[PDB]
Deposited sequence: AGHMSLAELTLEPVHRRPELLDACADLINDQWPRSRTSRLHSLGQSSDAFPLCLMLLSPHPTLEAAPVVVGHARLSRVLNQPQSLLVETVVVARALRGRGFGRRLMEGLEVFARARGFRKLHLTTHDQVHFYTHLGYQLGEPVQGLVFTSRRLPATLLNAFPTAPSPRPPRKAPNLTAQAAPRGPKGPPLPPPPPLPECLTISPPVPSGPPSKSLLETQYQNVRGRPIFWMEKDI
């Protein structure tokens, strides 16, 4: 409690609002710095085929007509699990945190995914584990996300033994940090 949300918000894919892609890149790179080239390219991959990048938007700063990119999440399909989606890059603009927008992002993701027949969401975290358990996630097993591939690509594609050496890479992130795999039925 104490995070009631009052703003009007929509949830829309980046590839349908390309004019907001630069602002979305600003949002994500403020949290996770990497080259702007790479972040812009990552968002430019978004499509209806997945992966796709959803933005939480607010019509105005209640001043003029430029919409605010409040938050972002990336959704990807999952190898060998048709009803699963992998959720990544969940972020609310730093200056807008603590206002309920993170809850509304995650709940909007569920609505979006469920409407398209998906029944399970997966993600990794370490520091934010209690954010996700608070929203109904629990510990799960690892999954492999399916990355972007352009539409145009083919798509066709007896002596005794000596002692043995010393007698879960899925559960670590890029830097050898153990991470929690979380999941939620939707």
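Peer 1: List the gaps, meaning deposited-sequence segments with no CA coordinates, ordered along the sequence.
Peer 2: The deposited sequence has unmodelled segments at 158-189, 200-216.
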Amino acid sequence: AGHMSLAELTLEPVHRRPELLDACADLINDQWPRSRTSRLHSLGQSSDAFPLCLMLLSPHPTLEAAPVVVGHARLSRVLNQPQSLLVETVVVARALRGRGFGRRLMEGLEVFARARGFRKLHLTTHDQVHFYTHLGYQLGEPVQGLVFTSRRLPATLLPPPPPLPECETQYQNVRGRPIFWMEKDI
From here on, numbers count along this sequence of modelled residues.
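Peer 1: As stated in the PDB record, which stretch has the larger average Cα B-factor, 146-154 or 45-53?
Peer 2: The stretch with the larger mean CA B-factor is 146-154.
Peer 1: Mind pulling up the entry and telling me whether 120-128 or 63-71 has the higher mean Cα temperature factor?
Peer 2: Higher of the two, by average CA B-factor, is 63-71.
Peer 1: Tell me, please, which of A23, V14, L11, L164 has the highest C-alpha B factor according to the deposited entry?
Peer 2: Of the options given, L164 has the highest CA B-factor in the PDB entry.
Peer 1: If you compare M182, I186, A1, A7, which has the highest Cα B-factor in the entry?
Peer 2: Spelled out: the listed residue with the top C-alpha B-factor is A1.
Peer 1: Going by what the PDB entry lists, where does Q138 fall on CA B-factor within its chain: lowest, middle or highest third?
Peer 2: Middle third by C-alpha B-factor.
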